[PDB]
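The block underneath contains the structure these notes are about, expressed in structure tokens.
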Amino acid sequence: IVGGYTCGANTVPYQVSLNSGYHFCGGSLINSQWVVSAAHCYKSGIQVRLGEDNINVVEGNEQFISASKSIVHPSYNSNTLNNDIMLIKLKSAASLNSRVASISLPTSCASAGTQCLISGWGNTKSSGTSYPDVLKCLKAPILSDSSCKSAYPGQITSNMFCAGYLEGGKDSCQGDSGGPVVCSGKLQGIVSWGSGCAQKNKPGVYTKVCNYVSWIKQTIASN
Ligand SMILES: Cc1ccc(S(=O)(=O)N[C@@H](Cc2cccc(C(=N)N)c2)C(=O)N2CCCCC2)cc1
Ligand SMILES: [Ca+2]
């Protein structure tokens with residue numbers, strides 16, 4: 001996250017780290033056995049790490065659980081990043097508690113101007129790399145459709161929205177992929193892509209989760 005702040009340990013209790021011997025993507029716990037993340041985070045050999053703050057130290061409250069299956073949306077397009085959403089089933093259920101908790105799915109889409117919280121262990125630098133130990137947070141508004149499409153002509157589908165700051169300096173970045181955009185208690189977005197990180201006039205682009213709520217529900221009900 002570029003331009004954000006240290007969240008505070010376990011203050012974002014639905015935030016997950018996907019790990020294969022190192023953190024590679026975030027995700028969101030939506031019930032005790034299922035995580036939503038981005039399709040471009042798909043890999044084999046995923047351990048889901050719950051209740052994390054410092055990802056390099058065992059501090060207490062962590063739960064490490066292997067993925068038993070990862071379900072990439074059948075219409076995921078890796079060239080356009082359209083339908084950039086994946087569901088991960090845990091090998092066993094997480095213990096829910098104050099520090100490990102589900103986030104609610106939306107019942108409607110959010111409006112432009114809605115303020116949201118984005119979080120992750122991704123790169124904190126626009127130019128170089130610096131990966132944090134602890135979880136970073138960024139408050140960001142959802143941008144209007146027309147501003148989003150002006151920023152990225154021809155590249156924004158109805159399953160994408162922009163959020164962040166056109167002046168630059170505040171954005172998600174590499175390694176935040178798959179993580180939550182939460183607006184008034186509901187998971188509205190998944191960190192998907194952007195040009196660079198925190199560049200002027202190039203906001204972050206996020207999978208629009210309200211378009212996927214019945215697919216998520218029907219998929220979980222059959223698996
Ligand atoms: C299709 C695509 C678009 C943009 C890039 S990127 O190197 O400019 N920017 C990266 C880094 C990134 C990741 C997540 C969010 C942002 C952001 N600027 N909000 C940026 C990207 O979009 N990624 C998502 C796709 C997989 C590689 C990582 C690379 C590939
Ligand atoms: Ca830890």
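The first residue of the sequence shown is numbered 1, and numbering continues consecutively from there. Note that these values count all heavy atoms, side chains included, but never hydrogens, waters or copies made by symmetry.
Remark: aromatic rings of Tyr152 and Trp193 are close, center separation under 6.0 Å.
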Which donor-acceptor pairs under 3.5 Å do side chains of residues 105-118 form with protein atoms, sequence neighbours excluded?
unit_1 : atom_1 : unit_2 : atom_2 : d
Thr114 : OG1    : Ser111 : O      : 2.8

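The aromatic rings of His73 and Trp215 sit tilted relative to each other, their planes meeting at an angle between 30° and 60°.
Here the straight-line distance linking atom OH of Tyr5 with atom OG of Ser119 works out to 8.5 Å at 0.5 Å rounding.
Nearest heavy-atom pair, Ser126 versus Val2, reported as atom, atom and distance to 0.1 Å: OG-CG1, 3.8 Å. Taking each heavy atom of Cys173 and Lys125 in turn, the nearest pair found is SG-O, 4.3 Å.
The local environment of NZ in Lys91 is crowded, with over 12 non-hydrogen atoms from other residues, nucleotides or ligands closer than 6.0 Å. Other residues, nucleotides and ligands contribute only 12 or fewer heavy atoms inside 6.0 Å of the NZ atom of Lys139.
Here disulfide (SG to SG under 2.5 Å) pairs that include residues 11-87, with residues two or more places apart or in two chains, are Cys25-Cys41.
In this structure, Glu52 and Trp121 have side chains that are in contact, with non-hydrogen atoms separated by less than 4.5 Å. Proximity of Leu187 to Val36: side-chain heavy atoms (C-beta onward) are separated by under 4.5 Å at one or more points. Side-chain contact between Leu87 and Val72 is absent, with no heavy atoms from C-beta onward closer than 4.5 Å.
A search for salt bridge (charged side-chain N to carboxylate O under 4.0 Å, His left out) contacts involving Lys149 returns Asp145, not counting sequence neighbours. By the side-chain contact (heavy atoms from CB on, under 4.5 Å) test, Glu167 is found to be paired with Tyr165, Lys200, residues two or more places apart in sequence or in another chain being considered. For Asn54, there are no side chain to side chain donor-acceptor pair (under 3.5 Å) partners two or more places apart in sequence or in a different chain. Residues that satisfy the side chain to side chain donor-acceptor pair (under 3.5 Å) test with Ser172, not counting sequence neighbours, are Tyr206.
Each of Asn97, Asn10, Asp53, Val100 was compared with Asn61 under the side chain to side chain contact (heavy atoms under 4.5 Å, CB included) criterion, and only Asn10 meets it.
Transitive grouping of hydrophobic side chains (ILVMFWY, heavy atoms separated by less than 4.5 Å) keeps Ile30 and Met86 in distinct clusters.
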